[PDB]
Amino acid sequence: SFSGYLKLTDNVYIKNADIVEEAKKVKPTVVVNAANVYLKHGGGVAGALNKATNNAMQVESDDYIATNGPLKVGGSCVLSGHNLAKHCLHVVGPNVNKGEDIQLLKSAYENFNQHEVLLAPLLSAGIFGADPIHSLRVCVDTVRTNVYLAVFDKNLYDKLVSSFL
């Protein structure tokens, strides 16, 4: 199970780790993907998770979109976790580089509450353009289930821990 995490609150844990490597090690019930509404897993966490599945995540996602259409910003869907996890919860945080409403970040984190425990990245961080310090604050103030946050960037991990209120 999860090891080497720093406890931030009753239910939020954080580690400087590559979420793909964490998923391969732990094989959690749920790994969260930082998805976009089209489930096009090109870059960031999504590109890395998809590449670790040998593109099986993308093939499955294209079938999901063909059947259901795009997700909403703030929404999610549960798909297979492939070799990484039992399930992948694809969650769409607002992409600030697309001018999406940052208030939808709370709605995005609410999807985590449908799962008792999750391995996840900070939503809307990285290439999604939001402030990761703000994303962590929204996470802690929204998610009530057990969330194990993997932050890839060491300098960002250090800044997140040292600034955590």
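Taking the alpha-carbon centroid of each part, what is the distance from the range 19-45 to the range 99-120 in angstrom? Between the Cα centres of the range 19-45 and the range 99-120 lies a distance of 14 Å. Seen from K106, the other residues with C-beta closer than 12 Å to its C-beta sum to a net charge of -2, counting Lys and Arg as +1 and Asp and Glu as -1. According to the Kirkwood relation over distinct C-alpha pairs, the hydrodynamic radius of the chain is 15.4 Å.
With a cut-off of 20 Å on the backbone N, the residues of the range 133-148 near the modelled label site 7 Å out from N155 along Cα-Cβ are 133-136.
Run the numbers for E21 and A56: contour at 0.36 nm per residue of separation, minus the present Cα-Cα distance, in nm.
Going from the current span to full extension adds 10.9 nm.
For the residue pairs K25/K106; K7/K106; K15/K106, the alpha carbons lie more than 26 Å apart in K25/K106. Between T29 and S80, the modelled label-to-label distance comes to 2.1 nm, taking each label 7 Å out from Cα in the direction of the beta carbon.
For the chain, the longest stretch holding no trypsin sites (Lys or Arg not before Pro) located in a DSSP loop with at most 16 other Cβ atoms within 10 Å is which? Please list the in-between numbers first.
On the way: sites that count: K40, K72, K86, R144.
Looking at the chain, 87-143 is the longest stretch - no exposed trypsin sites (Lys or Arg not before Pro) with at most 16 other Cβ atoms within 10 Å.
Take the alpha carbon gyration tensor of the range 1-81, find the square roots of its eigenvalues, order them as a ≥ b ≥ c, and report rounded if a/c is under 1.5; if not, report prolate when a/b exceeds b/c, else oblate. Since a/c reaches 1.5 and a/b is larger than b/c, the shape of the range 1-81 is classed as prolate.
Each residue, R144 and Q114, gets one label point 7 Å from its Cα in the Cβ direction; the gap between the two is 1.6 nm.
Cβ sites come from the backbone with ideal geometry, for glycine too, and all protein chains shown count toward neighbours. Each value in this text was obtained by applying a stated rule to the coordinates, not by laboratory testing.
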